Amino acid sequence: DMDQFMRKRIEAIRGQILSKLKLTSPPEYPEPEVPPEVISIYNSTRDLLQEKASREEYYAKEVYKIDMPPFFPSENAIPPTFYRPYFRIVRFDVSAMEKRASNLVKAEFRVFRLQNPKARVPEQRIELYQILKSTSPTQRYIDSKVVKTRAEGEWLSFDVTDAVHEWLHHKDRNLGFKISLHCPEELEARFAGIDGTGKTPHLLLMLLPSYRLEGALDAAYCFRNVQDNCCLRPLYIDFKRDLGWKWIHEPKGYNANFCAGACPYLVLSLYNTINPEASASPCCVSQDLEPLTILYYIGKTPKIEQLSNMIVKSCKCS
């Protein structure tokens, strides 16, 4: 029809947005023509999504942006950056977020790598560390990336949830990040706001509000909570008994299983009782699948083969 299919989809989206925001109705608001400091938060969050797309969970998350602090030489502030040929140190002031530490869900460190056409080596592996207090180890590895030093400028992003989570609970442990060259030759990648000083380095903190703070459809949940709604169902295939097959030597069978049950359009799980993906016509289907190994013969020669998407491990309404 493409008639009801589109309208049922629009209407599911209406309830999905309000549900994810924990709103019972749209909030009756100004209609201005908005501070650019507010648009920058939205612009960075959108852009980060577009970058990660160049490859709790349900409820909406509020996003806060924390820029690299500005340095005033007349003030008594310690500079936010320090420099060695092999690494860079960058520290964010996240003190205004300490009252929200329990609501943190994810934190991203976003820094713009500048093009360095004078770079000697064209590729470098760079590592992100969380600096620790000391005696003891002085840094904790977070992540690493290979970068093209001479390539056109690009945004990089790191998951730094663990480090920021610690900084919000213990201000005394905020010694900043270290962006270091991977050494098993100087650091040849350059970064906006760090080297040579829109492209300011910043943190994106995703928070679940307390008022929103107030079970996957897998074997652990479904097999212990039998229900008519969409859920995993057990099914064992015996190759000889059920298929009449005797050419597979191992395994004699496996629990392929399947997904079955009701998916509503509008010990309980929300993935079973609401329409989380806002489908126009929700259907109970597999979410996570796993491969299967088999050993069979075609005469004298043994064959060990791996077959993808053979075992159903979880379900979803879609």
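Start at 1 with the first residue shown and count on from there.
K.L.:
Do any residues of the deposited sequence lie unmodelled between residue 172 and residue 173, and which range holds their number: none, 1 to 3, 4 to 9, or 10 or more?
P.N.:
Missing in between: none.
K.L.:
Can you tell me which stretch has the higher mean Cα B-factor, 83-91 or 219-227?
P.N.:
Comparing 219-227 with 83-91, the higher mean C-alpha B-factor belongs to 219-227.
K.L.:
Once you work out the mean C-alpha B-factor for both 34-42 and 58-66 from the entry, which is higher?
P.N.:
Taking the mean C-alpha B-factor of 58-66 and of 34-42, the larger value falls to 34-42.
K.L.:
Please pick out which of 76, 200, 149, 180 has the largest Cα B-factor as recorded in the entry.
P.N.:
When the deposited C-alpha B-factors of 76, 200, 149, 180 are compared, 76 is largest.
K.L.:
Choose from 115, 136, 124, 161 the residue with the greatest Cα B-factor as stated in the PDB record.
P.N.:
Going by the entry's C-alpha B-factors, 136 comes out highest.
K.L.:
Going by the entry, which third of its chain does the Cα temperature factor of residue 284 land in?
P.N.:
For residue 284, the deposited C-alpha B-factor lands in the lowest third.
K.L.:
Looking at the C-alpha B-factor of residue 24, is it in the lowest, middle or highest third of its chain?
P.N.:
As the PDB entry reports it, the C-alpha B-factor of residue 24 lands in the highest third of its chain.
K.L.:
When the modelled residues of the chain are sorted by Cα temperature factor, does residue 306 land in the lowest, middle or highest third?
P.N.:
Lowest third, going by the recorded CA B-factors of the chain.
K.L.:
Name the third of the chain's ranked CA B-factors that contains residue 129, choosing lowest, middle or highest.
P.N.:
Answer is lowest: the recorded C-alpha B-factor places it there.
K.L.:
Looking at the entry's B-factor column for C-alpha atoms only, identify whether residue 295 ranks in the lowest, middle or highest third of its chain.
P.N.:
It belongs to the lowest third of the chain when residues are ordered by C-alpha B-factor.
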